[PDB]
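Notes for the one structure printed next.
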Protein chains: 2
Amino acid sequence: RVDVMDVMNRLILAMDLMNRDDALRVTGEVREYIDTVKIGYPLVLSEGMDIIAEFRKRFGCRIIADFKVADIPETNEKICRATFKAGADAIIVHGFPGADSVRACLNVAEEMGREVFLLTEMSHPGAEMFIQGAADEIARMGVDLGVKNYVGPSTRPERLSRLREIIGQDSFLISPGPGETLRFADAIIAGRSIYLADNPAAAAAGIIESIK
Amino acid sequence: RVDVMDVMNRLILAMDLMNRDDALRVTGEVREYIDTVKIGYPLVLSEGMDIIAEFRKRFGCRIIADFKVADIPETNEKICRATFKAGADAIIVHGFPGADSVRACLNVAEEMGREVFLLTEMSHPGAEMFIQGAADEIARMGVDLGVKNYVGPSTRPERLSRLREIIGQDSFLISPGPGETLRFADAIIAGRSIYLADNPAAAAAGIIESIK
């Protein structure tokens, strides 16, 4: 679909390393295979928000800030603004704080010409307590607000088809990575499988092969 | 209670200004009235995590990192570690992601001799959708895990009393600020009331007078 982001090879790198030298090194080597890198707070809090612009300049990649924004609207607005001012192309936001908190992010994204991803669900064991039960309603909330981009877990293929049902065929959906997953998700996210490999470029190339 | 923190004058400054000069200027003036400052992402993402150490050194204050940590356990551990390495005395973490995500933070706090505050509820309109309904269970989850410190909303006195009932009289509870709030909360948090005042030192002094 034309109005949603084009992710090279349908593979996003989750660059979760906390030191700038390793992150830059492991990443530089895969820019041939990947054009979209997800960075989170472990790296940005350790090395500074300036690292976002550094990735974009050195690699020419799109940056998704995996900040799991989860505050009141006024604070959400400020987080999104600081993050986009630092150069992030997109930001991942929690839905559990409700519609006004999500809308706060959408407002800034619209102003600055950037993207908001709604995190609908999580796959770690504790997700069962509150998150799993809210996931469908969170997804519908996003749809009802015109959210275009979503993050969903891949540890359950039947969970992905359900999400895809809710958000429709036009929405952009990313999930952890893979053959089954991409029946539903537009792109898969790879972290350790790549950044802890001796030849990250090789590890990336491999995944992409299985993707064809 | 001896095993939980002493907050000077029962008043925490929420330093939500995003500019380092303004933040430092407003804060210095109230160090006489407050010894505990809450810093969030708007300031730290704008100015760098080094600002935490700067507050502690310039004012000798305790810093609570209002980062509303809400990720998977492995990522929570790293966020907490980076935050405590930067000098934060405490960190605020969401309970909605479940027990393992909270425990991840507790582990690092234990290791490094710092504190975790469990955010049990929020008071913005969107909180009604998912957070309000989870609040009591989140509070009980914290108690069951030995969490000592809690953040609760003050827009409803009767909500504070319920929280206090769950966490018991020994736990430390902080809430927005005021007279009846302190019947339940150990300390109140003041933000704009202070930092957007012509005489912050005055605005602070006044609040403390009401606290008697």
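Some points to look at:
- Taking the helices alone, the protein assembly as shown has a mean residue ellipticity at 222 nm of -13000 deg cm²/dmol, built from -39,500 (n - 2.57) per DSSP H run of at least 4 residues and averaged over all its residues.
- Taking Cβ atoms as reference points and 13 Å as the exclusive limit, the residues near A:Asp50 contribute a net charge of +1, counting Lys and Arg as +1 and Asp and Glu as -1.
- Take A:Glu180, move 7 Å from Cα toward the beta carbon, and the resulting point lies 5.4 nm from the same point in each other copy, nearest first.
- Histogrammed with a bin width of 20 Å, the alpha carbon distances of the protein assembly as shown distribute as 27, 58, 15, 0 percent, first bin at zero.
- Candidate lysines - alpha carbon under 18 Å from A:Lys85, same-chain residues fewer than 8 apart omitted: A:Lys38, A:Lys57, A:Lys68
- Among the trypsin sites (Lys or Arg not before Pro) found in segment B:130-162, not one is both in a DSSP coil and sparsely packed, with 12 or fewer other Cβ atoms within 10 Å of its Cβ.
- Cα-centre dipole for the protein assembly as shown with unit charges at Cβ (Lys and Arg positive, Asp and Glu negative), debye to 20: 260
- Projected label points at B:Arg156 and A:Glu158, each 7 Å from Cα along the beta carbon direction, are separated by 3.6 nanometres.
- Pairs of Cα atoms farther than 25 Å apart, chain B, %: 35
- Electrostatic tally near B:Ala99: other residues with Cβ closer than 12 Å to its Cβ, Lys and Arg +1, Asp and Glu -1, net -2.
- Each copy carries a label point for A:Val143 at 7 Å from Cα along the beta-carbon vector; from one copy to the others these points are 3.9 nm apart, nearest first.
- Residue order, fewest to most surrounding Cβ atoms within 10 angstrom, among A:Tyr150, A:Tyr33: A:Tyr33, A:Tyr150
- Counting charges near A:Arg192 (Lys, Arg +1; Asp, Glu -1) among other residues having Cβ under 12 Å from its Cβ returns a value of -2.
- Neighbour counting of Cβ atoms within 10 Å sorts the residues A:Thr120, B:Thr155, A:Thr36, fewest neighbours leading, into B:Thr155, A:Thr36, A:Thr120.
- Across the identical copies, the label point of A:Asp198 (7 Å from Cα in the Cβ direction) is separated from its matches by 7.1 nm, in order from shortest.
- FRET efficiency, B:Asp3 to B:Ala202 (Cβ-Cβ, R0 45 Å, nearest 0.05): 0.85
Each value in this text was obtained by applying a stated rule to the coordinates, not by laboratory testing. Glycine gets a Cβ as well: all are built from the backbone with ideal geometry, and neighbour counts include every protein chain shown.
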